[PDB]
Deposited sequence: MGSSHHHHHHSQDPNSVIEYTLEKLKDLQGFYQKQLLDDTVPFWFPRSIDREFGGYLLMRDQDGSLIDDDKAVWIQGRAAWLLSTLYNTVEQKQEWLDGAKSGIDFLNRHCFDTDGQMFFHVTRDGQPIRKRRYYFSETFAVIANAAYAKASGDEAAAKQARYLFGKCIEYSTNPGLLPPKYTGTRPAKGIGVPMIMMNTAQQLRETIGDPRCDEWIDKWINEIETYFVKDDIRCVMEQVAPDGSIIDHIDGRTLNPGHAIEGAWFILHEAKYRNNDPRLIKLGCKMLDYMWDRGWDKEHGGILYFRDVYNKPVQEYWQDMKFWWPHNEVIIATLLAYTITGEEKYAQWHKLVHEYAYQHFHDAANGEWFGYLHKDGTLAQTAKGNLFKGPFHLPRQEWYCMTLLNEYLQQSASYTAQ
């Protein structure tokens, strides 16, 4: 079982990993002193495999540095490092039509633009956290302006229409971060709408599943893409909802919703043969066609670590402590690089390493440091209440 003694040990473990292993792998060496932003596409030993810049990750990194400054320690280099990324986003990462790029060169020239606005949402949370850390009013205004645009995008968009869970999920966490940094009067009412959308359309109690995509009326699309599940993604949404429950004084309705989602997708996603969270599953257990479906990626493990620990501290249910122990031990034993620090991203189904890089177009200083920071902070609060 998870005694207060063991929870105190876990608190110190996550704090030590965050501050002595994870953050120093990236900072300050990744700050680009010549062009601004961050050089983050790094191999296992920290050497660069590319000098390109992933726009989402630039925003995520500035958000992380600002959040550490705000909640851990007011280190000037973290603040300066956050401003570097904010300035790079503003100077180089917007196209002439007002939408953000996805992928740019070291010096800010565009490589690719996507038809999502997830770039904008990471700019919101970056500017919001930076505004609180620095008191920069231009950043606070920018965060609220971009948030209103994302709200428009989300509501005012072949023969098989689908809606995806990713939009309400990302909008929910964006609004949570805005609320918790500088505030915005629109956050709570829109969070309510996005939780309702998740519960109404994507959570299926009869078959104990959380869908990634459904038809506009909520029905399951019985085709290869429509059947494809992402357990780690669903469980990320579950802990966003549990976080909201805590914020609303441990709202039992939201606790029930988040816990169901976790229960459903733990059962579907945990690999009983090798351990770990499988990347994709199929709602009807048909063979999954996306090639990396049985690989073990870092970030589903980060999100399930958060969700199980948060479910445990809220409900006291021993099964969530059991699941936390399983995923925590699996992840730190398989992904963490004891020699050079930080985590590998990509393992085969059997847990062996597929390739050595620690940063690329998708991985950087976000899912892992957020998990270590959130768990350290959560357990600090929990143990101050006991």
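Mapping the modelled residues onto the deposited sequence reveals missing stretches at 1-18, 176-183, 413-418.
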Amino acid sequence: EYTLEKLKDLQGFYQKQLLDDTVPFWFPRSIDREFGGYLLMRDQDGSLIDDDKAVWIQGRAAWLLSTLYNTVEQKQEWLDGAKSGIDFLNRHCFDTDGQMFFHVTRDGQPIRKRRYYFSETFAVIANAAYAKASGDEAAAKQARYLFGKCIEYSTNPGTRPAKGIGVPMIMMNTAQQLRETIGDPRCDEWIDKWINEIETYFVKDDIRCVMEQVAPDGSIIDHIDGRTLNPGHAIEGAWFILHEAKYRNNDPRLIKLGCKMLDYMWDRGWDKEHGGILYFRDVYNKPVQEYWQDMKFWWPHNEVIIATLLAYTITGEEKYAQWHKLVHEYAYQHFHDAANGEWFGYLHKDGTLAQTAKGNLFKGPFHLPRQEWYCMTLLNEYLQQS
From here on, numbers count along this sequence of modelled residues.
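Per-stretch averaging of Cα B factors for 292-300 and 68-76 places 68-76 on top. The PDB entry reports B-factors from which the mean C-alpha value can be compared for 247-255 and 274-282; the larger average falls on 247-255. Each of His103, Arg268, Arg186, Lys260 has a CA temperature factor in the record; the biggest one is found at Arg186.
Per the PDB entry, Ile151 shows the highest C-alpha temperature factor of the residues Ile220, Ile170, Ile151, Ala234. For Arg227, the recorded CA B-factor ranks within the lowest third of the chain. Only modelled residues enter the ranking. Ranked within its chain, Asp21 lands in the middle third, by CA B factor from the PDB record. Ranked within its chain, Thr121 lands in the middle third, by CA B factor from the PDB record.
Sorting the modelled residues of the chain by their CA temperature factor places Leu361 in the lowest third. Compared with the other modelled residues of the chain, the Cα B-factor recorded for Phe35 ranks in the highest third.
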